[PDB]
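Only one chain is included here, represented as structure tokens and corresponding to the form deposited in one PDB entry.
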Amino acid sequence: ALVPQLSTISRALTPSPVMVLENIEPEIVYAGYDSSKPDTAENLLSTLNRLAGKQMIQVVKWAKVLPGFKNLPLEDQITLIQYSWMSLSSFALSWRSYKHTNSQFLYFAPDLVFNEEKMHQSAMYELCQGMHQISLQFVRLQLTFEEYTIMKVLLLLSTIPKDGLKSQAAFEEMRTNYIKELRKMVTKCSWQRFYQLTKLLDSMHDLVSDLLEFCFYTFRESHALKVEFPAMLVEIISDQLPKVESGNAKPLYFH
């Protein structure tokens, strides 16, 4: 006569966290690249920035439905996103390059694929090589989509403020849960692969530092360099630059 609150049906039908990530993976975004304009550094970079703005809008929508992310306080939900935006951007860039081009090119968007030439023309050739190296690693490792999605969540939880987050305890829980996910995922029916993946995540820090250095530089000199940044990026970079440059961003490592 009393309706049970617990639900055996609901509990069994609930998809795995790995299945939820697959369900919420953002759809590919177009850059709106106009090949009728010359491929100068000013145009290529502005285009990339516009693409970045469109991508971050989807990343935010992704962060709202991310399991466990809602357990953290709002302030720690914005800081983590502003701190890891470059890392998520570069890592998703490598995944698309790997899946869509076998890591032969940098697949920024279906309408914008960089070959060596555009890499030189972009005026950030070495950085492009840096991100392309990660794509090559996806091939040697035969990274799987499941491994990818988990790794991306970890990147979102890879950089925190020096003084700490509002809920450092809640943060530690979520990060631990996802590291577990990757742990059980890399398990054959294992430690060497888990090692290769963790070191891959760690290497993202130095790469991201280099990308950010170029980003902060082009941002402060955008007028002189004529590189346009969309609203979404001005917001993110205006908050991140003074924090990163002041030694207030702490990177988390596995090794």
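Rigid core here is just the name for the largest C-alpha set that superposes within 1.5 Å across the two forms. Shifts are known only where both forms have a C-alpha. In this text, residue numbers run from 1 along the sequence as written.
This protein has a second form, the form deposited with a partner chain bound, left out of what is shown; the following refers to that one.
Original post:
Does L127 reach its partner chain in the entry with it bound if we count a contact as any heavy atom within 4.5 Å?
Top reply: Residue-level check for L127: no, no contact with its partner chain.
Original post:
Heavy atoms within 4.5 Å of its partner chain in the entry with it bound: does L21 have any?
Top reply: Looking in the entry with it bound, residue contacts with its partner chain do not include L21, since no heavy atom lies within 4.5 Å.
Original post:
Is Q77 close enough to its partner chain in the entry with it bound to count, meaning some heavy atom within 4.5 Å?
Top reply: Looking in the entry with it bound, residue contacts with its partner chain include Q77, since a heavy atom lies within 4.5 Å.
**OP:** Report yes if any heavy atom of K37 sits within 4.5 Å of a heavy atom of its partner chain in the entry with it bound; otherwise report no.
**Re:** Answer no; every heavy atom of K37 is more than 4.5 Å from its partner chain in the entry with it bound.
**OP:** Work out which of the listed stretches, 128-136, 78-86, 107-115, 91-99, brings a heavy atom within 4.5 angstroms of its partner chain in the entry with it bound.
**Re:** Contact-bearing stretch, as computed: 78-86.
Original post:
Using a 4.5 Å cut on heavy atoms, which of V60, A31, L225, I28 is close to its partner chain in the entry with it bound?
Top reply: Exactly one residue meets the criterion: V60.
Original post:
Candidate spot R50, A52 and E221, all three in 4.5 Å heavy atom range of its partner chain in the entry with it bound?
Top reply: Not one of the three qualifies.
Subject >> Which of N23, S16, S238, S246 is displaced between this form and the one not shown by 2 angstroms or more at its C-alpha, rigid core aligned >> reply: Among the listed residues, the one whose C-alpha moves by 2 Å or more is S16.
Original post:
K37: with the rigid core matched between this form and the one not shown, does its Cα shift 2 Å or more?
Top reply: It does, since the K37 C-alpha is displaced 2 Å or more between this form and the one not shown after the core fit.
Subject >> Mobile segments between this form and the one not shown - rigid core superposition, Cα shift of 2 Å or more, 3+ residues >> reply: Runs with every C-alpha shifted by at least 2 Å: 11-16, 34-37.
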